[PDB]
Amino acid sequence: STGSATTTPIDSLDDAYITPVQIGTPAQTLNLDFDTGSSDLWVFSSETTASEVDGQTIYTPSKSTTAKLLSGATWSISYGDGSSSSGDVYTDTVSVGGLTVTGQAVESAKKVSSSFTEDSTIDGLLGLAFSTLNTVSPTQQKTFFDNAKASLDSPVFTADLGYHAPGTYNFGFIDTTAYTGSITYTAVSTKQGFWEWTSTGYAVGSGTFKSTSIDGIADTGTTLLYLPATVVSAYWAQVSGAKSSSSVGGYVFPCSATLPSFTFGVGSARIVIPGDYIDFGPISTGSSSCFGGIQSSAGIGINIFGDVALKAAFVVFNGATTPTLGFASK
């Protein structure tokens, strides 16, 4: 089997992407944030504290003839941005772009933190990291991809995120019309539960490529590109007026600037992030100070190849017995 679904930016900055997902019988369609940095499929629901729902579409398990309470199971998750959610668990039928999994754990939120409530466009998350990170207790549950894998034509999914435009998540096949050149594959460590790999270096604008190993994660659920302080300093030093602002919480730059591109290495290959992809707009409405899309990871503990980086590429998440990642230009 295969599946193919369009993913759409939630706003004009590409802060996140939503993909429609059918849950239950008859189908309830919710728009979920596909997140290769986590491993829980959780949804706003009829059980979510009412004051914490503000415009999201909810899953109501009592209206699904295929929903079954997973007795005793609870979940609770906290994300790198400080947001969180928790609740109980049903199993139900879940379909993405024509690909159907029966018995998928659907984690029903009883509580969500303010940032989830405040984002009316995201109805939940669909985790695509390794199932060892799933938070369901006392019996850990498998991701949608793990459950689908055996049925797929090939044990892969691909992320093709658009810049200010829709893109595609495919399951079970590699669309050879969706990229240019060849796909370069690189080794993955699953030891932390992430799609963790090692970039071979970077360049800033038209500058020379610096060969240096940068370990990080391919994370569709993170907006920006988080890299070591040395790398980020070298980038912003090429932008007149850019500075790190403790009050704002990262590098800012004059909105009148034209940003240089940023290149990262995948083996001997190179992915170029155009400068415009690194502009995240005014720090506050009407400000002439703009927020940078490349930021230091020094306070995170891990480097993160988020949407800024991934949307410059066609990305293969290869879930073969030894997982790997593939990157192509597009």
# chains A, B, ... in the order shown; residues from 1 in each chain; ligands from 1

call {"tool": "closest_atom_pairs", "arguments": {"of": "stretch 164-263 of chain A", "to": "stretch 9-32 of chain A", "cutoff": "10 Å", "atoms": "only C-alpha atoms", "output": "CSV"}}
result
residue,atom,partner,partner_atom,distance
A:164,CA,A:14,CA,6.2
A:165,CA,A:9,CA,6.8
A:166,CA,A:9,CA,6.6
A:167,CA,A:9,CA,8.6
A:168,CA,A:19,CA,8.6
A:169,CA,A:19,CA,8.3
A:220,CA,A:16,CA,8.2
A:221,CA,A:16,CA,7.0
A:222,CA,A:16,CA,7.6
A:223,CA,A:15,CA,5.5
A:224,CA,A:15,CA,8.4

call {"tool": "write_last_selection", "arguments": {"atoms": "C-alpha atoms", "output": "compact mmCIF listing (two decimals), in the first residue's frame"}}
result
# COMPACT_ATOMS: atom_id res chain seq x y z
CA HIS A 164 4.99 29.62 1.42
CA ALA A 165 3.16 26.88 -0.47
CA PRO A 166 1.60 23.43 -0.01
CA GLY A 167 3.74 20.31 -0.07
CA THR A 168 3.37 16.55 0.35
CA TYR A 169 3.89 13.68 2.76
CA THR A 220 9.45 18.53 10.86
CA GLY A 221 7.77 19.69 14.09
CA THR A 222 10.35 22.42 14.74
CA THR A 223 10.05 25.65 12.72
CA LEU A 224 13.63 26.90 12.69

call {"tool": "select_by_dssp", "arguments": {"residues": "stretch 138-269 of chain A", "states": "strand (DSSP E or B)", "output": "ChimeraX atom specification"}}
result
/A:156-160,167-171,184-187,189,196-204,210-218,225-227,243-245,250-254,262-266,269

call {"tool": "write_last_selection", "arguments": {"atoms": "C-alpha atoms", "output": "PDB file, in the first residue's frame"}}
result
ATOM      1  CA  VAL A 156       9.654   4.744   3.889  1.00  0.00           C
ATOM      2  CA  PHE A 157       7.928   8.065   4.149  1.00  0.00           C
ATOM      3  CA  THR A 158       8.958  11.339   2.523  1.00  0.00           C
ATOM      4  CA  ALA A 159       8.588  14.971   3.544  1.00  0.00           C
ATOM      5  CA  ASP A 160       8.347  17.608   0.790  1.00  0.00           C
ATOM      6  CA  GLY A 167       3.743  20.309  -0.075  1.00  0.00           C
ATOM      7  CA  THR A 168       3.367  16.555   0.349  1.00  0.00           C
ATOM      8  CA  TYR A 169       3.892  13.680   2.764  1.00  0.00           C
ATOM      9  CA  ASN A 170       4.100  10.325   0.981  1.00  0.00           C
ATOM     10  CA  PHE A 171       4.079   6.894   2.644  1.00  0.00           C
ATOM     11  CA  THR A 184      22.035  11.269  -0.971  1.00  0.00           C
ATOM     12  CA  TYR A 185      21.536   8.893   1.940  1.00  0.00           C
ATOM     13  CA  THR A 186      23.235   9.287   5.304  1.00  0.00           C
ATOM     14  CA  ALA A 187      23.424   7.186   8.444  1.00  0.00           C
ATOM     15  CA  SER A 189      21.390   6.867  14.996  1.00  0.00           C
ATOM     16  CA  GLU A 196      19.550  11.725  14.200  1.00  0.00           C
ATOM     17  CA  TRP A 197      22.296  12.177  11.596  1.00  0.00           C
ATOM     18  CA  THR A 198      25.588  14.020  11.045  1.00  0.00           C
ATOM     19  CA  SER A 199      25.868  16.851   8.540  1.00  0.00           C
ATOM     20  CA  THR A 200      29.283  17.175   6.923  1.00  0.00           C
ATOM     21  CA  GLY A 201      29.533  20.974   7.172  1.00  0.00           C
ATOM     22  CA  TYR A 202      28.172  24.309   6.022  1.00  0.00           C
ATOM     23  CA  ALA A 203      28.678  27.417   3.929  1.00  0.00           C
ATOM     24  CA  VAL A 204      27.327  30.959   4.303  1.00  0.00           C
ATOM     25  CA  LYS A 210      33.572  24.436   6.056  1.00  0.00           C
ATOM     26  CA  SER A 211      33.997  20.712   6.620  1.00  0.00           C
ATOM     27  CA  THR A 212      32.863  19.922  10.154  1.00  0.00           C
ATOM     28  CA  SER A 213      30.591  17.268  11.633  1.00  0.00           C
ATOM     29  CA  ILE A 214      27.258  18.577  12.966  1.00  0.00           C
ATOM     30  CA  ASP A 215      25.110  15.989  14.730  1.00  0.00           C
ATOM     31  CA  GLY A 216      21.424  16.856  14.738  1.00  0.00           C
ATOM     32  CA  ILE A 217      17.869  15.676  14.172  1.00  0.00           C
ATOM     33  CA  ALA A 218      15.547  15.938  11.186  1.00  0.00           C
ATOM     34  CA  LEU A 225      17.193  25.642  12.126  1.00  0.00           C
ATOM     35  CA  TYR A 226      19.121  25.329  15.418  1.00  0.00           C
ATOM     36  CA  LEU A 227      22.899  24.941  15.074  1.00  0.00           C
ATOM     37  CA  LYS A 243      22.567  40.830  16.595  1.00  0.00           C
ATOM     38  CA  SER A 244      21.613  38.332  19.271  1.00  0.00           C
ATOM     39  CA  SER A 245      18.924  39.846  21.504  1.00  0.00           C
ATOM     40  CA  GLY A 250      17.638  34.994  19.587  1.00  0.00           C
ATOM     41  CA  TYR A 251      19.158  36.617  16.554  1.00  0.00           C
ATOM     42  CA  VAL A 252      17.265  39.510  14.974  1.00  0.00           C
ATOM     43  CA  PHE A 253      18.162  41.512  11.877  1.00  0.00           C
ATOM     44  CA  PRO A 254      16.928  44.611  10.029  1.00  0.00           C
ATOM     45  CA  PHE A 262      22.947  28.821   4.018  1.00  0.00           C
ATOM     46  CA  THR A 263      24.294  25.507   2.703  1.00  0.00           C
ATOM     47  CA  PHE A 264      24.489  22.292   4.725  1.00  0.00           C
ATOM     48  CA  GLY A 265      26.343  19.133   3.777  1.00  0.00           C
ATOM     49  CA  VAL A 266      24.828  15.682   3.347  1.00  0.00           C
ATOM     50  CA  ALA A 269      26.184  16.588  -1.431  1.00  0.00           C
TER      51      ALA A 269
END

call {"tool": "residues_around", "arguments": {"residues": "residue A:84", "least_positions_apart": "4", "cutoff": "12 Å", "atoms": "only C-alpha atoms", "output": "count of residues only"}}
result
20

call {"tool": "select_by_dssp", "arguments": {"residues": "stretch 7-218 of chain A", "states": "helix (DSSP H, G or I)", "output": "PyMOL selection string"}}
result
chain A and resi 50-52+61-63+114-117+131-133+144-151

call {"tool": "atom_distance", "arguments": {"atom1": "atom CA of residue A:286", "atom2": "atom CA of residue A:312"}}
result
27.8 Å

call {"tool": "atom_distance", "arguments": {"atom1": "atom CA of residue A:328", "atom2": "atom CA of residue A:95"}}
result
27.2 Å

call {"tool": "residues_around", "arguments": {"residues": "residue A:229", "least_positions_apart": "6", "cutoff": "12 Å", "atoms": "only C-alpha atoms", "output": "list in words"}}
result
residues 214, 235, 236, 237, 244, 250, 251, 294, 295, 296, 297, 298, 299, 300, 301, 302 and 303 of chain A

call {"tool": "closest_residue", "arguments": {"among": "A:176, A:2, A:65, A:7", "to": "residue A:101", "atoms": "only C-alpha atoms"}}
result
A:2
